[PDB]
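The structure appears below as structure tokens.
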Amino acid sequence: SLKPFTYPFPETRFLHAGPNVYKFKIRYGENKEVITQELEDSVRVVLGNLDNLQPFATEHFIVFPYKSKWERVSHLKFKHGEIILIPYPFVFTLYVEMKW
Amino acid sequence: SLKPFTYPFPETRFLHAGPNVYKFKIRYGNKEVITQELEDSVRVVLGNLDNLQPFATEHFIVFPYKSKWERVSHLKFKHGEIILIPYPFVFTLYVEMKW
Amino acid sequence: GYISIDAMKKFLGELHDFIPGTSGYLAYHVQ
Amino acid sequence: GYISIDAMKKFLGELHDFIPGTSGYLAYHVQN
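If you read the protein sequences in the order shown, they are chains C, A, D and B.
Those letters in the first sequence? Residues 2 to 30, 39 to 109, by the deposited numbering.
Those letters in the second sequence? Residues 2 to 30, 40 to 109, by the deposited numbering.
Residue 183 in the deposited numbering sits at position 9 of the third sequence; the count goes up by one each step and never skips.
Residue 175 in the deposited numbering sits at position 1 of the fourth sequence; the count goes up by one each step and never skips.
What follows is the structure, given as structure tokens:
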């Protein structure tokens, strides 16, 4: 349902989940469908542990999540049609490394 | 200024800086250089208490993390007659081989 | 040793890319 | 890549190991 993740290139993604929009940043240190699925899982884990970020290991990666203040988020308004989406006031940076 | 860190084994260290004491935890996965760069990492974390981010030393990547220091309100630290204030968060440095 | 992803809580609901100009999404800024 | 440690702000002040029972260090805990 999501655009393919950029395996080699770092990227910024805005994600709509429940009533919120989240700002994520992905940084990187063969079956790419599995890779995309586990990266989506990593995002879903970060979303499920918003307040207790810790590094974790997937089948192929170690993910080091970080949270930082989303500066000037008070100066933004996000809408889906007429619905107001609530921006989560923190940006998440996922440092993805290889599980050797 | 600090005693050498235990390079292979994980450890907990209480450090006195300024008027405060900080709780650090080191986890892993010529040792003088390693100890020096780990002290430098600790000093960087202390210099970026509010904006923790990962950084690379000559030999390691350091992933610093902050967590709530539980049961710290029931502790009192003193240096002689001076009252030291414990910083209410524990810093865990995940050290990984840079290559 | 790090915690396995399978031992963690996961948001399982719908998750979409927020792309203004698509799917009715919009974003604004103060002026 | 990752930011170099040499590009970070650094606390340059005095830094000591806190070891109760030495150098005048002391620590206490609440009790019933």
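No residue lacks a Cβ here, since even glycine has one placed at the ideal position from N, Cα and C.
Which stretch, first to last residue, makes up the beta strand (DSSP E) that contains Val100 (chain C)?
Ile92 to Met107
Just reading off the beta strand (DSSP E) that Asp50 (chain C) is part of, what are its end residues?
Unbroken run through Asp50 (chain C) is the alpha helix (DSSP H), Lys41 to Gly57; no beta strand (DSSP E).
So is the beta-carbon of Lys108 (chain A) under 7 Å away from any non-hydrogen atom of the ligand PLP?
This structure simply doesn't include the ligand PLP, nor any ligand for that matter.
Please list, in chain order, the chain C residues whose beta carbon lies closer than 8 Å to that of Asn61 (chain A).
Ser77
Assess, as a yes-or-no matter, whether the region 17-27 of chain A is touched by the region 181-194 of chain B under the definition of 3 or more beta carbon pairs within less than 8 Å.
yes
7 Å Cβ cut-off: residues of chain A touching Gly198 (chain B)
Under a criterion of Cβ atoms nearer than 7 Å, the residues of chain A adjacent to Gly198 (chain B) are, in order, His89 and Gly90.
Leaving out the 5 sequence neighbours to the left and right, which residues in its chain are closer than 8 Å to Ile193 (chain B) when beta-carbon positions are compared?
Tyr199
How far does the beta strand (DSSP E) with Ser77 (chain C) in it extend, from its first residue to its last?
Counting along the chain, the unbroken beta strand (DSSP E) around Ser77 (chain C) starts and ends at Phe70 to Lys78.
N- and C-terminal bounds of the beta strand (DSSP E) containing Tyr23 (chain C)
Its beta strand (DSSP E) spans residues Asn21 to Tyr29.
Is there a Cβ of chain A sitting closer than 8 Å to that of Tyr8 (chain C), yes or no?
no
So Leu85 (chain A) is in the beta strand (DSSP E); what residue range does that whole segment cover?
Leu85 to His89
Look at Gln46 (chain A) and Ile177 (chain B) and say whether their C-beta atoms are less than 8 Å apart.
no
Could you check whether the Cβ of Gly187 (chain B) sits closer than 8 Å to any Cβ belonging to chain A?
True, the Cβ-Cβ gap to chain A drops below 8 Å.
Rounded to the nearest angstrom, how far is the Cβ of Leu85 (chain C) from that of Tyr202 (chain D), given a contact under 8 Å?
7 Å
Drop a sphere of 10 angstroms on the beta-carbon of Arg81 (chain C), count the other beta-carbons inside from all chains shown, and report buried for 16 or more, exposed for fewer.
exposed
Skipping 5 residues on each side, what residues in its chain have a beta carbon closer than 7 Å to that of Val54 (chain C)?
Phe65
Using the DSSP secondary-structure output, state which residues sit across from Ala18 (chain A) in a beta bridge.
According to DSSP, residue pairing for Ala18 (chain A) in a beta bridge involves A:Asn21 and B:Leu189.
Can you give the Cα-Cα distance for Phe73 (chain C) and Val204 (chain D), rounded to whole angstroms?
34 Å
Are the C-beta of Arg28 (chain C) and some C-beta of chain D separated by less than 8 Å?
No, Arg28 (chain C) does not count as interfacial toward chain D.
Is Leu48 (chain C) near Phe6 (chain C), with beta carbons less than 8 Å apart?
yes
Status (buried if at least 16 other CB within 10 Å, exposed otherwise) for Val22 (chain A):
buried
Could you tell me which of C:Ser83, C:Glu12, C:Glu106 and C:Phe99 sits nearest to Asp60 (chain C), measuring between CA atoms?
C:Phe99
Could you name the residues of chain A that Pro64 (chain C) contacts, counting a contact when the two beta carbons are closer than 7 Å?
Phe73 and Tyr104
Proximal residues to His69 (chain C) (C-beta, below 6 Å), its chain only, five neighbours per side dropped
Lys108
Just the chain B side, please: which residues come within less than 8 Å of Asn58 (chain A) by C-beta, in chain order?
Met182 and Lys183, listed in chain order.
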